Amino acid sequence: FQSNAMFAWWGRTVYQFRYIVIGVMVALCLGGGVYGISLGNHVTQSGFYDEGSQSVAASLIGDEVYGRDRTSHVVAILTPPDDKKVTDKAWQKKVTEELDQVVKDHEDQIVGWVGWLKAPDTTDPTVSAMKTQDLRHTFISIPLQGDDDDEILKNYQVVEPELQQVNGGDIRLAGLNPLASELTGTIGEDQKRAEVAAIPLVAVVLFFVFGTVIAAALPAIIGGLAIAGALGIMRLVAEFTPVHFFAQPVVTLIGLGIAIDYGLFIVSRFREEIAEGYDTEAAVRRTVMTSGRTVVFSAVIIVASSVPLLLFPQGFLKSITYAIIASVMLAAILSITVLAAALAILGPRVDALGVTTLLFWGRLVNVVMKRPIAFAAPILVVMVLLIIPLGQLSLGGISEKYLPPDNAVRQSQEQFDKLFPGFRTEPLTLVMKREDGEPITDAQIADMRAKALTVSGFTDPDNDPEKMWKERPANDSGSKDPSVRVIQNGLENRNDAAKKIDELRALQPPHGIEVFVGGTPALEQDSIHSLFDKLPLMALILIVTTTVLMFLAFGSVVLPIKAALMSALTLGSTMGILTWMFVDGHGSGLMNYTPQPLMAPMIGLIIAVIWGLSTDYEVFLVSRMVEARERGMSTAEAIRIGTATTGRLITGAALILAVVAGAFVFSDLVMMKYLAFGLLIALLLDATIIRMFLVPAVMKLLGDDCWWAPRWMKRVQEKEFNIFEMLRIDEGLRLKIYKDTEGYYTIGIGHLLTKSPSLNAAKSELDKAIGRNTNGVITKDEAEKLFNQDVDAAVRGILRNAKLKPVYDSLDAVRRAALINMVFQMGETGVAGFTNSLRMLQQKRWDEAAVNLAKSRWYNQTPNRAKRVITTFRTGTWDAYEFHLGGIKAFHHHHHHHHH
């Protein structure tokens, strides 16, 4: 079951209203583009955790009662100039005043500054540790105003320009916000690196696919309107849900490439249509009915590959999922609206301006025909090697190591940790809430502590177990509700976390108190637990729905099961090279990144994206080889017909995508590099090794078993348009006796009954011809009967004429019908008058014949029918009749009215 009546309708409709269409959509895309530049101000950095987990619950309760921890917001290492010691009172007074200035100039953003520098005469050991022992360094804590991560980062980025000039500029800022500003700032550099490098490179790859400026520029314009509109959509989405920072580059990395690839593939088909002889209107419609459906289905495939990501609770993956969907749907819509309308207006003009104005696959597939196992077996091995570095991979949260090793903020963090060890902590929290609502007594606190001391592995600095699990600090932002108490202690090994959290939760609460285990390790481990929990379901939904969509596309059970195996191998192989690059560390030196575990949600994203890419490239390649089977062409070069037809397009499309992805591999954010490289690898793999070799090999051997259609699973083949339906349009179909334009009694399809004025003489003839008493009325079947006889009579007359027989034998079945049509209309003697045009048709000079025929009096007297017939001669298809300007008003009986 399918509907191309929808696409045939739109293909016609979009040409008709091409001005309204191109005006409206551009207005929205540029409108949304203007609305969508404010997106950078409404994105979030939160969404990496499971907000339904126990650790998040512990965090919200903790921040409510005790106040959120603001001590790690801004850490600032101060160092005296000229080898001076930090004890220098003049330098102390100067810097203290500088710091007090920044705070009073920004009281809306800064809570204040805390450190040894504020009270140099102190005996508090921890405060005395805020200075190094050689007295060359000292750091301060600068807590900021704000009630969520985004508002706090905004407050930092406001005070940063002045905070940086403190102590003559020699102040090193670190902590959460200087790192967050740097991490989120990577998005901006990646956007501009794409503008500068990717766009000109794409323009070049485009002007090498088409040898023409206008033709090359259109897919680029589509890509621009896509991004603009998509950013507007996402900005609108941000009005309802939180949209993560990382959703912005996804719109560019994935959205831009596919939009241009869509535009490339559609403009490419439009020129093909024009070349084969179709006029602009028919060319547009045929493009939409074919390549347009390929684009829409491609969009469906990608969406079906991305929706399973919604199974994960992380807002990071959700907003990214929304971003992918918005981008691809808009790209698919724009490619068959704005682009189609543009071509409809331009027409053959798309090739006007040349390159100067600015200023073989089938042989190789045949080489892999001859020896499947020569290539295939030796590839299945090469890929499963790649799957064993995949086998070993680790997972971790965001750290300063996500930035390059030479990043100034990362190093300032790493210098802080070296100069001032023990300040940066990751304690696990035991959050206690009494349900009935009354205060928590010290006995229950001491009770929980004893149970906390049951579990080994928690830090004990000064070797005293009853000073462990100290109460969490309280500040002025906490409600200090007595029914909630929090105790905490760090782990001695962080790798123990997952086990210890399960142990801390395995503990049994004091009667009447609920215990939530929190802390940054707990937040991270719970998030990882969530992903591995729902990953099997996603993979199933992913594999099933794509395989189901391939059932619909191929018309086979074998091929989808085969294709899913191909995807799972490109996926496993790619993720293996990825693990080999970013965990095992190969390529880190050249690329300036630090080998480390991967971000966990990136794994779901990279599975969906790689799988979708693999599936999309397969469906396009294979369904054209299916076409050979539909045509009756044998398997062996069915496989070759499809590979060659697509060959130059796929490379051009993949190259364009590779160029876009290749610009993001230089990002300073390491999880961006992981994603971008994952594309390049899977893309080059799918566009070379998979496409060129593995697929043709494997398909041959299950040689004709590839296609298999249990029952009605396969589609029945449509009624083929015939000469009956053709002249039913040009001469009409009447089931009751009427008078034609000469007042002669006619019936069926222009079938002259008699030139007699007597209706009963006419009824006599009809009764004769049909074989029954008709009362002047026949069925549709009987009309086709009369018509067939008339056709036979005309063909006999044609084969009898010395001027018509040669060209008639020369012609294909469709063009033969075009000639019989002319014979019906004006008779053999009339048609034989087109001596040169007939010669041109006989020599298959379709273009010259079509042009010459339109210069006849035949064309001037009956343009609509002539244009139809002439078009049929030009293209050799029924296209001019399957969709047409309805309504013949003037009925005239044809020659060769055959009587029995």
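For every residue, the number given is its place in the sequence shown, counted from 1.
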TODO: Check the residues of the deposited sequence separating residue 802 from residue 803 and report how many of them have no coordinates, as none, 1 to 3, 4 to 9, or 10 or more.
DONE: none
TODO: Quick one: say whether 768-776 or 383-391 has the higher mean Cα B-factor in the deposited entry.
DONE: 383-391
Open item on the list: Mean CA temperature factor from the deposited coordinates, higher in 724-732 or in 445-453?
Closed with: 445-453
Task: Top residue by Cα temperature factor, when 172, 472, 714, 244 are compared in the entry - done: 714
TODO: Please pick out which of 739, 118, 755, 271 has the largest Cα B-factor as recorded in the entry.
DONE: 118
Open item on the list: For the chain shown, is the CA B-factor of residue 29 in the lowest, middle or highest third of its modelled residues?
Closed with: middle
- [ ] Taking the values exactly as deposited, rank residue 875 by C-alpha B-factor within its chain and report the matching third: lowest, middle or highest.
- [x] lowest
Task: Where the record places residue 190 (Cα B-factor, split into thirds across the chain) - done: middle
Open item on the list: Based on the deposited C-alpha B factors for this chain, I'd like to know if residue 38 is in the lowest, middle or highest third.
Closed with: highest
Open item on the list: For the chain shown, is the CA B-factor of residue 670 in the lowest, middle or highest third of its modelled residues?
Closed with: lowest
